[PDB]
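Residue numbers (PDB author numbering): 17 to 51, 59 to 844.
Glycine is no exception: its CB is placed at the ideal position from the N, C-alpha and C atoms.
What follows is a set of notes on a single structure, which appears directly below.
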Ligand SMILES: [Ca+2]
Ligand SMILES: [Ca+2]
Ligand SMILES: [Ca+2]
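Rendered as structure tokens:
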């Protein structure tokens, strides 16, 4: 009954000692207070999660409270859990073919992956047929939440016939949400993304149901269709040239009666990771999130030296660190592990000799590093959960660039809501999960080198710093202080790479001064609770979604309206909730639905465009006061470090070979940065140019962004010329009387024989765009050692005249004449 007393009665191995104080305190707190239906245990990594879970579930089994089940997010953790249970003398069983009879009889703890429980053809049963479970414990609840989310999604790749069937079904309504993006979809670009709107989705529920039912024999639909077959009106559909994803807004956790009707639910997660995501992912009340079971005497655990070399010198960019750490070095006595956001960035690390591994070969490479194969650096792409690197297995973890999600839904919300709460919290959660893998013990120490301009912007931005955990924020601040001190050292004549190597040596050689400095500085961490406003916002969102799922549209609409009126929503994030009301009222009251959809499109133009009632508004700016706008935009920043981080992020993305979406967003941000006003009519107004800059009252810059085109291509295809002709026609239709410089951002100079331009269009080659980026970087570098809040207007005008960023300079200096073949 008592788990601390139960620990002594086990036939444990000889090398297993007594309970740690944190483990014993958590067990005592659990036995005293729960011996409430939901509970979250937050603790540091390496505290013995498996031991605590097995002890709690064995104690629950001892009271004839059966069955009790431990879930792992993956199969490696299944093997580790069963091995450790064999060490501790606790009998466990696994689901080989069918459910164990000992598990049903309540004789042993069931250890299973979260995929076995959460799937459409599960052996635990669905709806009323679900096999009853008393106590269920979840380890690493955020990874399990991600796996539960991925189990409820339909992803159909291009090569299946279902993708072409659904594309033929939805081509008419996908074309109205963007014309250039539709041409990218027809060519199969992975980066291309188009949503199917709600009005087309509920009106074509039967056809999509028939198409998906016709392809139930495929692997991608067989295990997901029974959950979604009777709730297609609640889903959303996103198309990309590699795959199409259909996902419900909230996961159907009510169908899983073994989990939803469970008598006790214990959740385990990291201390640094914010448990605000569990409101929607796992459908918890905020009371359990705001009241976790933690060790009272618990402090910071483990040693992390989070270095940011981009703060140290201008030469210490991402490329220098990549060229320094990637190539093989046989004299190293420890592993070097790099975390990159995609397989595209495996090229830069792997060109120097680093070992790049795919999804299936991560575990083999990690196990090889655990055996002492420290010669070759290891690169891991977009997978941080489930990886353990204790002690000598990794002493140099490298974090490359801002991590991005593989889900089309999250990419779409990143496209529409860049500065919202949820997107920033997801990115910060991914950053913290990736950064905490290198340290697993209370003694273990590591250097985490975080590079890439976008990652540093995420770590510096004032809106994004407030969501970081206090431990990780204080570690970043220690890195900032050491970076400033070593910057002063480099200003005294020290070589930058030499200073970085010296600091890494100070951490790795166990210097006493660094230990004293870390012990003194770390004392400032106050363990932050979950933010109550964000929890209340998510609770209202979940309540409205459940109200709409039950057929009560008016309750959901009033819930979203009360959410808007109480001020919990961000002022720039109003329009999303307006769209939510417009989607909830679509069946009930179509006129009010169209009114709120038009309101949502006016408030946030990146959202879905209704076919009627939207009028194109001319982007207008005044000629005078450009320098005042530049001064105000720079005046938003507190110090030169934030401005340099933001400018380096924006101008790093203006290179060929990057994604088209990132290039267009960076160009719009640079439009605002230079005192202009920019818009993206293909994404905002769903037709026309990819970017438009309002330089002054009468002059505009029109861009046709072709960033994905390889630099070695020497001809302009017919489809690109047709796209630029359509953009020019749209601008001549909606902006009569305005001068414009039509620019096509393309590496090629020559035009194909079958292709032609209807208007005068000039190209931006690679050298011209590089010169433009150099001019912008030299312009924003000139604000160094200047007072940001007292910028002189004449000084800014002089900098504009010096760096060739005037209106005529933008029109004429940064373009090249194209040649016809
Ligand atoms: Ca386009
Ligand atoms: Ca675009
Ligand atoms: Ca394109």
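Cβ-heavy atom distance between residue i and ligand 2 below 7 Å?
i           : result
residue 574 : no
residue 337 : no
residue 689 : no
residue 237 : no
residue 706 : yes
Quick check on this structure: which residue in the options has the alpha carbon closest to the alpha carbon of residue i?
i           : options            : result
residue 26  : 99, 391, 109       : 109
residue 826 : 840, 804, 841, 842 : 804
residue 253 : 267, 412, 228      : 228
residue 637 : 643, 626, 675, 36  : 626
residue 749 : 460, 774, 712, 59  : 712
residue 290 : 116, 79, 436       : 79
residue 281 : 147, 362, 797, 184 : 147
residue 55  : 382, 727, 723, 594 : Within the chain, the sequence of modelled residues goes 51 then 59, so residue 55 has no position in this structure.
residue 430 : 791, 658, 267      : 267
residue 505 : 336, 680, 574      : 336
residue 832 : 315, 817, 764      : 764
residue 743 : 754, 170, 731      : 731
residue 342 : 622, 406, 474, 386 : 474
residue 276 : 816, 94, 264, 175  : 175
residue 65  : 203, 104, 315      : 315
residue 669 : 72, 476, 507       : 476
residue 134 : 95, 398, 530       : 95
If you count every other CB in all the chains shown that lies within 10 Å of the CB of residue i, and 16 or more means buried, which is it?
i           : result
residue 210 : exposed
residue 233 : exposed
residue 701 : buried
residue 332 : buried
residue 151 : exposed
residue 178 : buried
residue 84  : buried
residue 647 : exposed
residue 392 : buried
residue 35  : buried
residue 396 : exposed
residue 691 : buried
residue 60  : exposed
residue 170 : buried
residue 809 : exposed
residue 509 : buried
residue 365 : exposed
residue 528 : exposed
residue 727 : buried
Round the Cβ separation of residue i and residue j to the nearest angstrom and send it over; I've been treating them as touching at under 8 Å.
i           : j           : result
residue 217 : residue 201 : 6 Å
residue 418 : residue 470 : 7 Å
residue 376 : residue 351 : 5 Å
residue 478 : residue 499 : Their Cβ separation, rounded to whole angstroms, is 11 Å, which puts residue 478 and residue 499 out of contact at 8 Å.
residue 587 : residue 597 : 7 Å
residue 69  : residue 464 : 5 Å
residue 601 : residue 623 : 4 Å
residue 54  : residue 454 : Note on the chain: consecutive modelled numbers read 51 then 59, so residue 54 has no coordinates in the structure shown.
residue 362 : residue 403 : 5 Å
May I ask whether a heavy atom of ligand 5 can be found less than 7 Å away from the beta carbon of residue i?
i           : result
residue 203 : Although ligand 5 was asked about, the structure shown includes only ligand 1, ligand 2 and ligand 3 as ligands.
Under 7 Å: does the beta carbon of residue i sit that close to some heavy atom of ligand 3?
i           : result
residue 729 : yes
residue 207 : yes
residue 683 : yes
Among all the DSSP beta bridges, which residues are the ones paired with residue i?
i           : result
residue 701 : 716
residue 402 : 361, 379
residue 723 : 717, 763
residue 216 : 263
residue 104 : For residue 104, which the question treats as bridged, DSSP gives no partner whatsoever.
residue 422 : 362, 473
residue 290 : 63, 161
residue 136 : 95
Can we count residue i as close to ligand 1, meaning its CB is less than 7 Å from some heavy atom?
i           : result
residue 214 : no
residue 746 : yes
residue 713 : yes
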